[PDB]
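Have a look at model.pdb; it's PDB, C-alpha atoms:
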ATOM      1  CA  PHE A 347       0.000   0.000   0.000  1.00  0.00           C
ATOM      2  CA  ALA A 348       1.028   3.582  -0.689  1.00  0.00           C
ATOM      3  CA  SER A 349       1.946   6.135   1.940  1.00  0.00           C
ATOM      4  CA  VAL A 350      -0.859   8.519   2.800  1.00  0.00           C
ATOM      5  CA  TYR A 351       1.070  11.557   1.548  1.00  0.00           C
ATOM      6  CA  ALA A 352       1.188   9.938  -1.896  1.00  0.00           C
ATOM      7  CA  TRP A 353      -1.947   7.809  -2.080  1.00  0.00           C
ATOM      8  CA  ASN A 354      -2.508   5.536  -5.064  1.00  0.00           C
ATOM      9  CA  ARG A 355      -5.475   5.482  -7.436  1.00  0.00           C
ATOM     10  CA  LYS A 356      -6.831   2.723  -9.659  1.00  0.00           C
ATOM     11  CA  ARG A 357      -9.462   3.232 -12.345  1.00  0.00           C
ATOM     12  CA  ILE A 358     -12.298   0.724 -12.540  1.00  0.00           C
ATOM     13  CA  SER A 359     -14.421   0.361 -15.694  1.00  0.00           C
ATOM     14  CA  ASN A 360     -16.066  -2.118 -18.093  1.00  0.00           C
ATOM     15  CA  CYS A 361     -16.657  -4.769 -15.394  1.00  0.00           C
ATOM     16  CA  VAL A 362     -19.304  -6.404 -13.213  1.00  0.00           C
ATOM     17  CA  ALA A 363     -18.915  -5.175  -9.660  1.00  0.00           C
ATOM     18  CA  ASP A 364     -19.749  -7.727  -6.999  1.00  0.00           C
ATOM     19  CA  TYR A 365     -19.691  -5.992  -3.627  1.00  0.00           C
ATOM     20  CA  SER A 366     -20.386  -9.102  -1.540  1.00  0.00           C
ATOM     21  CA  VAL A 367     -16.804 -10.301  -2.019  1.00  0.00           C
ATOM     22  CA  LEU A 368     -14.989  -7.699   0.092  1.00  0.00           C
ATOM     23  CA  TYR A 369     -16.851  -8.405   3.335  1.00  0.00           C
ATOM     24  CA  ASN A 370     -14.287 -11.125   4.065  1.00  0.00           C
ATOM     25  CA  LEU A 371     -11.116  -9.014   4.256  1.00  0.00           C
ATOM     26  CA  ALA A 372     -11.146  -8.600   8.019  1.00  0.00           C
ATOM     27  CA  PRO A 373     -13.419  -8.195  11.066  1.00  0.00           C
ATOM     28  CA  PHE A 374     -14.186  -5.212   8.854  1.00  0.00           C
ATOM     29  CA  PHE A 375     -13.907  -2.362  11.342  1.00  0.00           C
ATOM     30  CA  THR A 376     -15.161   0.536   9.208  1.00  0.00           C
ATOM     31  CA  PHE A 377     -17.550   0.661   6.284  1.00  0.00           C
ATOM     32  CA  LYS A 378     -19.381   3.918   5.762  1.00  0.00           C
ATOM     33  CA  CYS A 379     -21.143   5.081   2.583  1.00  0.00           C
ATOM     34  CA  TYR A 380     -22.160   8.577   1.523  1.00  0.00           C
ATOM     35  CA  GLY A 381     -25.075   9.170  -0.843  1.00  0.00           C
ATOM     36  CA  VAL A 382     -25.779   5.438  -0.991  1.00  0.00           C
ATOM     37  CA  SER A 383     -26.605   2.500   1.270  1.00  0.00           C
ATOM     38  CA  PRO A 384     -23.958  -0.291   1.663  1.00  0.00           C
ATOM     39  CA  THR A 385     -26.699  -2.779   0.790  1.00  0.00           C
ATOM     40  CA  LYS A 386     -27.978  -1.128  -2.387  1.00  0.00           C
ATOM     41  CA  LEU A 387     -24.634  -1.114  -4.215  1.00  0.00           C
ATOM     42  CA  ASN A 388     -25.368  -4.493  -5.794  1.00  0.00           C
ATOM     43  CA  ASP A 389     -28.453  -3.026  -7.514  1.00  0.00           C
ATOM     44  CA  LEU A 390     -26.868   0.125  -8.924  1.00  0.00           C
ATOM     45  CA  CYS A 391     -24.654   0.864 -11.990  1.00  0.00           C
ATOM     46  CA  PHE A 392     -21.923   3.498 -12.084  1.00  0.00           C
ATOM     47  CA  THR A 393     -20.238   5.549 -14.816  1.00  0.00           C
ATOM     48  CA  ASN A 394     -16.822   5.719 -13.142  1.00  0.00           C
ATOM     49  CA  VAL A 395     -15.371   3.947 -10.123  1.00  0.00           C
ATOM     50  CA  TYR A 396     -12.043   4.901  -8.549  1.00  0.00           C
ATOM     51  CA  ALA A 397     -10.203   3.183  -5.723  1.00  0.00           C
ATOM     52  CA  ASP A 398      -7.890   5.341  -3.605  1.00  0.00           C
ATOM     53  CA  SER A 399      -5.630   3.400  -1.231  1.00  0.00           C
ATOM     54  CA  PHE A 400      -3.274   4.279   1.646  1.00  0.00           C
ATOM     55  CA  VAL A 401      -2.104   3.407   5.184  1.00  0.00           C
ATOM     56  CA  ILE A 402      -2.804   5.569   8.259  1.00  0.00           C
ATOM     57  CA  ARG A 403      -3.168   5.186  12.039  1.00  0.00           C
ATOM     58  CA  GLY A 404      -6.409   3.856  13.509  1.00  0.00           C
ATOM     59  CA  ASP A 405      -7.066   7.197  15.277  1.00  0.00           C
ATOM     60  CA  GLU A 406      -6.784   8.925  11.868  1.00  0.00           C
ATOM     61  CA  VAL A 407      -9.479   6.847  10.177  1.00  0.00           C
ATOM     62  CA  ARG A 408     -12.072   9.356  11.360  1.00  0.00           C
ATOM     63  CA  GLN A 409     -10.364  12.004   9.200  1.00  0.00           C
ATOM     64  CA  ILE A 410     -11.247  10.163   6.008  1.00  0.00           C
ATOM     65  CA  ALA A 411     -14.655  11.763   5.656  1.00  0.00           C
ATOM     66  CA  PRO A 412     -16.413  14.904   4.279  1.00  0.00           C
ATOM     67  CA  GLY A 413     -16.203  17.968   6.520  1.00  0.00           C
ATOM     68  CA  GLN A 414     -13.231  16.635   8.480  1.00  0.00           C
ATOM     69  CA  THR A 415      -9.990  18.483   9.207  1.00  0.00           C
ATOM     70  CA  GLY A 416      -6.561  17.557  10.576  1.00  0.00           C
ATOM     71  CA  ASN A 417      -3.086  16.518   9.441  1.00  0.00           C
ATOM     72  CA  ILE A 418      -4.420  13.835   7.118  1.00  0.00           C
ATOM     73  CA  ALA A 419      -7.569  15.580   5.965  1.00  0.00           C
ATOM     74  CA  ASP A 420      -5.714  18.814   5.128  1.00  0.00           C
ATOM     75  CA  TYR A 421      -2.163  17.845   4.125  1.00  0.00           C
ATOM     76  CA  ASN A 422      -2.389  14.295   2.755  1.00  0.00           C
ATOM     77  CA  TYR A 423      -5.846  13.215   1.529  1.00  0.00           C
ATOM     78  CA  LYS A 424      -8.846  15.527   1.162  1.00  0.00           C
ATOM     79  CA  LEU A 425     -12.408  14.509   0.273  1.00  0.00           C
ATOM     80  CA  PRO A 426     -15.036  16.954  -1.102  1.00  0.00           C
ATOM     81  CA  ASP A 427     -18.084  17.885   0.976  1.00  0.00           C
ATOM     82  CA  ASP A 428     -20.226  16.521  -1.851  1.00  0.00           C
ATOM     83  CA  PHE A 429     -18.410  13.175  -1.884  1.00  0.00           C
ATOM     84  CA  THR A 430     -20.338  10.137  -3.058  1.00  0.00           C
ATOM     85  CA  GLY A 431     -18.844   6.722  -2.418  1.00  0.00           C
ATOM     86  CA  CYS A 432     -17.844   4.286   0.355  1.00  0.00           C
ATOM     87  CA  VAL A 433     -14.923   4.275   2.787  1.00  0.00           C
ATOM     88  CA  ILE A 434     -13.512   0.892   3.812  1.00  0.00           C
ATOM     89  CA  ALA A 435     -10.883   0.358   6.492  1.00  0.00           C
ATOM     90  CA  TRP A 436      -9.464  -2.498   8.519  1.00  0.00           C
ATOM     91  CA  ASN A 437      -6.736  -3.256  11.051  1.00  0.00           C
ATOM     92  CA  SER A 438      -3.544  -4.536   9.435  1.00  0.00           C
ATOM     93  CA  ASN A 439      -1.233  -4.734  12.463  1.00  0.00           C
ATOM     94  CA  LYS A 440      -0.343  -8.305  11.495  1.00  0.00           C
ATOM     95  CA  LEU A 441       1.121  -7.128   8.168  1.00  0.00           C
ATOM     96  CA  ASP A 442       2.272  -3.509   8.536  1.00  0.00           C
ATOM     97  CA  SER A 443       4.146  -3.562  11.862  1.00  0.00           C
ATOM     98  CA  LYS A 444       7.661  -4.615  12.865  1.00  0.00           C
TER
ATOM     99  CA  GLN B 935     -67.577  43.880 -36.951  1.00  0.00           C
ATOM    100  CA  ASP B 936     -64.941  46.338 -38.148  1.00  0.00           C
ATOM    101  CA  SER B 937     -64.159  47.706 -34.689  1.00  0.00           C
ATOM    102  CA  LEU B 938     -63.859  44.152 -33.348  1.00  0.00           C
ATOM    103  CA  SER B 939     -61.688  42.924 -36.224  1.00  0.00           C
ATOM    104  CA  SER B 940     -59.309  45.874 -36.393  1.00  0.00           C
ATOM    105  CA  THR B 941     -58.612  45.684 -32.657  1.00  0.00           C
ATOM    106  CA  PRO B 942     -57.218  42.278 -31.480  1.00  0.00           C
ATOM    107  CA  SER B 943     -57.272  43.604 -27.916  1.00  0.00           C
ATOM    108  CA  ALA B 944     -61.045  44.141 -28.041  1.00  0.00           C
ATOM    109  CA  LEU B 945     -61.657  40.801 -26.310  1.00  0.00           C
ATOM    110  CA  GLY B 946     -58.522  41.097 -24.169  1.00  0.00           C
ATOM    111  CA  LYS B 947     -60.334  40.247 -20.949  1.00  0.00           C
ATOM    112  CA  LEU B 948     -61.840  36.939 -21.955  1.00  0.00           C
ATOM    113  CA  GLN B 949     -58.430  35.881 -23.216  1.00  0.00           C
ATOM    114  CA  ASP B 950     -56.937  36.822 -19.836  1.00  0.00           C
ATOM    115  CA  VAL B 951     -59.201  34.287 -18.148  1.00  0.00           C
ATOM    116  CA  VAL B 952     -57.875  31.619 -20.487  1.00  0.00           C
ATOM    117  CA  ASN B 953     -54.259  32.723 -20.025  1.00  0.00           C
ATOM    118  CA  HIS B 954     -54.393  32.822 -16.220  1.00  0.00           C
ATOM    119  CA  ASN B 955     -55.672  29.270 -15.920  1.00  0.00           C
ATOM    120  CA  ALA B 956     -53.201  27.958 -18.492  1.00  0.00           C
ATOM    121  CA  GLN B 957     -50.160  29.427 -16.756  1.00  0.00           C
ATOM    122  CA  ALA B 958     -51.383  28.330 -13.324  1.00  0.00           C
ATOM    123  CA  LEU B 959     -51.168  24.688 -14.390  1.00  0.00           C
ATOM    124  CA  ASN B 960     -47.813  25.181 -16.104  1.00  0.00           C
ATOM    125  CA  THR B 961     -46.488  26.650 -12.874  1.00  0.00           C
ATOM    126  CA  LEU B 962     -47.453  23.513 -10.986  1.00  0.00           C
ATOM    127  CA  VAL B 963     -45.703  21.207 -13.441  1.00  0.00           C
ATOM    128  CA  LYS B 964     -42.507  23.255 -13.393  1.00  0.00           C
ATOM    129  CA  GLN B 965     -42.363  23.020  -9.590  1.00  0.00           C
ATOM    130  CA  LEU B 966     -41.982  19.249  -9.598  1.00  0.00           C
ATOM    131  CA  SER B 967     -38.313  19.751 -10.442  1.00  0.00           C
ATOM    132  CA  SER B 968     -37.668  21.477  -7.089  1.00  0.00           C
ATOM    133  CA  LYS B 969     -35.918  19.400  -4.424  1.00  0.00           C
ATOM    134  CA  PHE B 970     -37.036  21.201  -1.252  1.00  0.00           C
ATOM    135  CA  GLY B 971     -33.834  20.148   0.526  1.00  0.00           C
ATOM    136  CA  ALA B 972     -33.888  16.583  -0.813  1.00  0.00           C
ATOM    137  CA  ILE B 973     -30.960  14.964  -2.615  1.00  0.00           C
ATOM    138  CA  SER B 974     -33.209  14.478  -5.643  1.00  0.00           C
ATOM    139  CA  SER B 975     -36.534  15.526  -7.194  1.00  0.00           C
ATOM    140  CA  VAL B 976     -37.005  11.975  -8.470  1.00  0.00           C
ATOM    141  CA  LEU B 977     -38.715   9.684  -5.989  1.00  0.00           C
ATOM    142  CA  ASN B 978     -37.467   6.442  -7.544  1.00  0.00           C
ATOM    143  CA  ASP B 979     -33.866   7.669  -7.380  1.00  0.00           C
ATOM    144  CA  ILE B 980     -34.110   7.994  -3.604  1.00  0.00           C
ATOM    145  CA  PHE B 981     -35.542   4.616  -2.656  1.00  0.00           C
ATOM    146  CA  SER B 982     -33.117   2.938  -5.057  1.00  0.00           C
ATOM    147  CA  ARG B 983     -30.059   4.391  -3.306  1.00  0.00           C
ATOM    148  CA  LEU B 984     -30.903   4.868   0.373  1.00  0.00           C
ATOM    149  CA  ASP B 985     -32.315   2.451   2.948  1.00  0.00           C
ATOM    150  CA  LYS B 986     -35.742   2.898   4.558  1.00  0.00           C
ATOM    151  CA  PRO B 987     -34.655   5.005   7.641  1.00  0.00           C
ATOM    152  CA  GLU B 988     -32.912   7.428   5.281  1.00  0.00           C
ATOM    153  CA  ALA B 989     -35.132   7.367   2.202  1.00  0.00           C
ATOM    154  CA  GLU B 990     -38.135   8.404   4.275  1.00  0.00           C
ATOM    155  CA  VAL B 991     -36.295  11.475   5.534  1.00  0.00           C
ATOM    156  CA  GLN B 992     -35.526  12.570   1.983  1.00  0.00           C
ATOM    157  CA  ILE B 993     -38.956  11.632   0.631  1.00  0.00           C
ATOM    158  CA  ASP B 994     -40.817  13.551   3.349  1.00  0.00           C
ATOM    159  CA  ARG B 995     -39.127  16.752   2.192  1.00  0.00           C
ATOM    160  CA  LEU B 996     -40.594  16.305  -1.284  1.00  0.00           C
ATOM    161  CA  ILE B 997     -44.057  15.503   0.049  1.00  0.00           C
ATOM    162  CA  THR B 998     -44.194  18.528   2.325  1.00  0.00           C
ATOM    163  CA  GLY B 999     -42.983  20.877  -0.396  1.00  0.00           C
ATOM    164  CA  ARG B1000     -45.355  19.586  -3.064  1.00  0.00           C
ATOM    165  CA  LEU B1001     -48.346  19.757  -0.717  1.00  0.00           C
ATOM    166  CA  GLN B1002     -47.631  23.463  -0.277  1.00  0.00           C
ATOM    167  CA  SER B1003     -47.467  23.904  -4.056  1.00  0.00           C
ATOM    168  CA  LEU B1004     -50.934  22.420  -4.444  1.00  0.00           C
ATOM    169  CA  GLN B1005     -52.311  24.409  -1.526  1.00  0.00           C
ATOM    170  CA  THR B1006     -51.077  27.613  -3.123  1.00  0.00           C
ATOM    171  CA  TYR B1007     -52.769  26.690  -6.394  1.00  0.00           C
ATOM    172  CA  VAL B1008     -56.094  26.026  -4.684  1.00  0.00           C
ATOM    173  CA  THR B1009     -55.988  29.210  -2.622  1.00  0.00           C
ATOM    174  CA  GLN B1010     -55.258  31.447  -5.597  1.00  0.00           C
ATOM    175  CA  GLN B1011     -57.665  29.567  -7.858  1.00  0.00           C
ATOM    176  CA  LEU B1012     -60.337  30.148  -5.214  1.00  0.00           C
ATOM    177  CA  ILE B1013     -59.627  33.898  -4.993  1.00  0.00           C
ATOM    178  CA  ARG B1014     -59.845  34.154  -8.795  1.00  0.00           C
ATOM    179  CA  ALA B1015     -63.164  32.278  -8.793  1.00  0.00           C
ATOM    180  CA  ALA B1016     -64.592  34.994  -6.543  1.00  0.00           C
ATOM    181  CA  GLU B1017     -63.571  37.635  -9.089  1.00  0.00           C
ATOM    182  CA  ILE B1018     -65.394  35.812 -11.880  1.00  0.00           C
ATOM    183  CA  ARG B1019     -68.437  35.282  -9.676  1.00  0.00           C
ATOM    184  CA  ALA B1020     -68.627  39.040  -9.146  1.00  0.00           C
ATOM    185  CA  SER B1021     -68.518  39.773 -12.873  1.00  0.00           C
ATOM    186  CA  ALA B1022     -71.100  37.044 -13.501  1.00  0.00           C
ATOM    187  CA  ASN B1023     -73.470  38.767 -11.076  1.00  0.00           C
ATOM    188  CA  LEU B1024     -73.001  42.023 -12.966  1.00  0.00           C
ATOM    189  CA  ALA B1025     -73.607  40.338 -16.306  1.00  0.00           C
ATOM    190  CA  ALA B1026     -76.821  38.807 -14.982  1.00  0.00           C
ATOM    191  CA  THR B1027     -77.951  42.173 -13.623  1.00  0.00           C
ATOM    192  CA  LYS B1028     -77.347  43.838 -16.986  1.00  0.00           C
ATOM    193  CA  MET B1029     -79.188  41.077 -18.818  1.00  0.00           C
ATOM    194  CA  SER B1030     -82.167  41.873 -16.581  1.00  0.00           C
ATOM    195  CA  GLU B1031     -82.003  45.664 -16.580  1.00  0.00           C
ATOM    196  CA  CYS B1032     -80.602  46.490 -20.064  1.00  0.00           C
TER
ATOM    197  CA  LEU C 984     -21.894  23.499  10.717  1.00  0.00           C
ATOM    198  CA  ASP C 985     -20.258  21.365   8.034  1.00  0.00           C
ATOM    199  CA  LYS C 986     -21.661  21.941   4.535  1.00  0.00           C
ATOM    200  CA  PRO C 987     -23.728  18.647   4.386  1.00  0.00           C
ATOM    201  CA  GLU C 988     -25.689  19.814   7.439  1.00  0.00           C
ATOM    202  CA  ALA C 989     -25.303  23.594   7.240  1.00  0.00           C
ATOM    203  CA  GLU C 990     -27.362  23.634   4.055  1.00  0.00           C
ATOM    204  CA  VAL C 991     -30.144  21.795   5.899  1.00  0.00           C
ATOM    205  CA  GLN C 992     -30.661  24.488   8.519  1.00  0.00           C
ATOM    206  CA  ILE C 993     -30.331  27.124   5.810  1.00  0.00           C
ATOM    207  CA  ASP C 994     -32.974  25.314   3.784  1.00  0.00           C
ATOM    208  CA  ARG C 995     -35.202  25.430   6.877  1.00  0.00           C
ATOM    209  CA  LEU C 996     -34.752  29.195   7.176  1.00  0.00           C
ATOM    210  CA  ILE C 997     -35.503  29.655   3.485  1.00  0.00           C
ATOM    211  CA  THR C 998     -38.789  27.765   3.567  1.00  0.00           C
ATOM    212  CA  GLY C 999     -39.829  29.441   6.825  1.00  0.00           C
ATOM    213  CA  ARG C1000     -39.171  33.022   5.722  1.00  0.00           C
ATOM    214  CA  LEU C1001     -40.489  32.194   2.231  1.00  0.00           C
ATOM    215  CA  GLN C1002     -43.787  31.046   3.736  1.00  0.00           C
ATOM    216  CA  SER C1003     -43.921  34.376   5.543  1.00  0.00           C
ATOM    217  CA  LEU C1004     -43.703  36.296   2.249  1.00  0.00           C
ATOM    218  CA  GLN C1005     -46.453  34.001   0.941  1.00  0.00           C
ATOM    219  CA  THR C1006     -48.791  34.951   3.791  1.00  0.00           C
ATOM    220  CA  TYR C1007     -48.236  38.627   3.001  1.00  0.00           C
ATOM    221  CA  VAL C1008     -49.125  38.212  -0.671  1.00  0.00           C
ATOM    222  CA  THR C1009     -52.208  36.121   0.053  1.00  0.00           C
ATOM    223  CA  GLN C1010     -53.593  38.684   2.473  1.00  0.00           C
ATOM    224  CA  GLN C1011     -52.937  41.515   0.015  1.00  0.00           C
ATOM    225  CA  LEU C1012     -54.837  39.610  -2.686  1.00  0.00           C
ATOM    226  CA  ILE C1013     -57.869  39.348  -0.418  1.00  0.00           C
ATOM    227  CA  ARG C1014     -57.543  42.941   0.804  1.00  0.00           C
ATOM    228  CA  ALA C1015     -57.223  44.143  -2.786  1.00  0.00           C
ATOM    229  CA  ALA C1016     -60.577  42.569  -3.643  1.00  0.00           C
ATOM    230  CA  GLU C1017     -62.201  44.587  -0.874  1.00  0.00           C
ATOM    231  CA  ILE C1018     -60.755  47.842  -2.200  1.00  0.00           C
ATOM    232  CA  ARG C1019     -61.829  47.047  -5.755  1.00  0.00           C
ATOM    233  CA  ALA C1020     -65.428  46.516  -4.670  1.00  0.00           C
ATOM    234  CA  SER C1021     -65.358  49.910  -2.957  1.00  0.00           C
ATOM    235  CA  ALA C1022     -63.819  51.517  -6.039  1.00  0.00           C
ATOM    236  CA  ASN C1023     -66.551  50.000  -8.206  1.00  0.00           C
ATOM    237  CA  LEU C1024     -69.211  51.450  -5.926  1.00  0.00           C
ATOM    238  CA  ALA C1025     -67.525  54.846  -5.904  1.00  0.00           C
ATOM    239  CA  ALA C1026     -67.452  54.833  -9.703  1.00  0.00           C
ATOM    240  CA  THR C1027     -71.122  53.859  -9.838  1.00  0.00           C
ATOM    241  CA  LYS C1028     -72.100  56.675  -7.503  1.00  0.00           C
ATOM    242  CA  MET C1029     -70.055  59.137  -9.516  1.00  0.00           C
ATOM    243  CA  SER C1030     -72.097  58.228 -12.598  1.00  0.00           C
ATOM    244  CA  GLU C1031     -75.503  58.142 -10.880  1.00  0.00           C
ATOM    245  CA  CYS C1032     -75.192  60.763  -8.071  1.00  0.00           C
TER
END

Please rewrite the model in this file as structure tokens.
Amino acid sequence: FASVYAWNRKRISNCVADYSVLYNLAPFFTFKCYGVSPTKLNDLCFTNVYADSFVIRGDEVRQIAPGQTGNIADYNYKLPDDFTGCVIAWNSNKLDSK
Amino acid sequence: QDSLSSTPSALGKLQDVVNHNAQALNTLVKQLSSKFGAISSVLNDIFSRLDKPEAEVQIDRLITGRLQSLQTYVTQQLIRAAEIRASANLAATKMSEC
Amino acid sequence: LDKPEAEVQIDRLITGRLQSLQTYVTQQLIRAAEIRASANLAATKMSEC
């Protein structure tokens, strides 16, 4: 995964998006959607899907949301107040610590 | 016949009755596009994206707003009816006395 | 308030104060009818008296 200061982006298109698959990545600590229900995604169709990925501290996960401020929200990764999409996060202490 | 034909405005009070009713209904239709605080003016685009506890909040905004639009139409349509009733009473009086 | 919520309270103020304007116009429409009737009577009396 990329550092938060230089987060990565992948473009998703021309595919069938099955959202039931990713519920088995973890205990699945955070999953919050804006403008759409987590359970209606399977019934919708989108024109463009982008996946932004990075690693932060657990206490910084709350900054990855519309209207939020702080070191991550302001200097590393900013979302628009009109953001539509879903934020997914899970604990990776078993992989990303030494 | 000449004074009626040479002056298109001669009957410009019967035409006003027609014009006022026509624009009153056009006004109602054009107000369906208003959101009244909702994420969308389209009812089926709310229930398809949000869950019940959220969709109802958005849908209630559209219902309240549109009820006011209809109430305004009825109130003004009722005031206008009184104006016509008054002129009808005059017309009947003149039929009798003239 | 954050934008997503700030616009909600603003929307509430708009509809509230907008309804107020509406009450004003409605009452003036009714009041106007009363004045017109008086004006019509005054005109009639001018012609006949």

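The space separating CA of residue 435 in chain A from CA of residue 376 in chain A comes to 5.1 Å.
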
Check your understanding: Taking the file as shown, what set of residues would the ChimeraX specification (/B :<9) & /A give back, as a PyMOL selection string?
Key -> chain A and resi 381-387+389-390

Exercise for review: Fewer than 2 positions away in the same chain doesn't count, so skip those; otherwise give me all residues within 8 Å of range 1011-1018 of chain B, counting all atoms listed in the file, as a list in words.
Suggested key: residues 1007, 1008, 1009, 1020, 1021 and 1022 of chain B; 1012, 1013 and 1016 of chain C

Taking C-alpha atoms for each residue, export the selection above as an mmCIF file, in the coordinates of the input.
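Output file out_23.cif is given in full below:
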data_model
loop_
_atom_site.group_PDB
_atom_site.id
_atom_site.type_symbol
_atom_site.label_atom_id
_atom_site.label_comp_id
_atom_site.auth_asym_id
_atom_site.auth_seq_id
_atom_site.Cartn_x
_atom_site.Cartn_y
_atom_site.Cartn_z
ATOM 1 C CA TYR B 1007 -52.769 26.690 -6.394
ATOM 2 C CA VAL B 1008 -56.094 26.026 -4.684
ATOM 3 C CA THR B 1009 -55.988 29.210 -2.622
ATOM 4 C CA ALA B 1020 -68.627 39.040 -9.146
ATOM 5 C CA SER B 1021 -68.518 39.773 -12.873
ATOM 6 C CA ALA B 1022 -71.100 37.044 -13.501
ATOM 7 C CA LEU C 1012 -54.837 39.610 -2.686
ATOM 8 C CA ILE C 1013 -57.869 39.348 -0.418
ATOM 9 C CA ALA C 1016 -60.577 42.569 -3.643
#

For chain C versus chain A, which residues have an atom no more than 10 Å away, and what is each residue's nearest atom pair and distance in Å rounded to one decimal, using all atoms listed in the file, chain-then-number order, as CSV?
residue,atom,partner,partner_atom,distance
C:984,CA,A:413,CA,9.0
C:985,CA,A:413,CA,5.5
C:986,CA,A:427,CA,6.5
C:987,CA,A:427,CA,6.6
C:988,CA,A:413,CA,9.7

Review point. What do you get, as a ChimeraX atom specification, if you spell out every residue that the ChimeraX specification (/B :<12) & /C selects here?
Key: /C:987-999,1001-1002,1005-1006,1008-1017,1019-1020,1023

Review point. Which distance in Å separates CA of residue 950 in chain B and CA of residue 937 in chain B, to one decimal?
Key: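 Calculated distance between CA of residue 950 in chain B and CA of residue 937 in chain B is 19.8 Å.
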
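Using only C-alpha atoms for every distance, the candidate list A:440, A:354, A:388, A:407 yields A:407 as the residue closest to residue 419 in chain A.
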
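Restricting the calculation to only C-alpha atoms, the smallest distance between residue 394 in chain A and any of A:406, A:434, A:366, A:361 is found for A:361.
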
Give the centre and edge lengths of an axis-aligned box, in Å to one decimal, that holds all listed atoms of range 385-390 of chain A with 3 Å on each side, as lines of an AutoDock Vina configuration file.
center_x = -26.5
center_y = -2.2
center_z = -4.1
size_x = 9.8
size_y = 10.6
size_z = 15.7

Exercise for review: To verify the selection step, state as a ChimeraX atom specification which residues the PyMOL selection byres ((chain A and resi 403) around 12) yields on this input.
Suggested key: /A:349-350,400-402,404-410,417-418,435-439,442-443

**Study point:** Two-atom distance - CA of residue 976 in chain B, CA of residue 1004 in chain B (Å)
**Key:**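 Computed distance, CA of residue 976 in chain B to CA of residue 1004 in chain B, equals 17.9 Å.
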
Point to revise | For residue 356 in chain A: contacts at 9 Å, only C-alpha atoms, fewer than 4 positions along chain excluded, given as a PyMOL selection string | key: chain A and resi 395-399
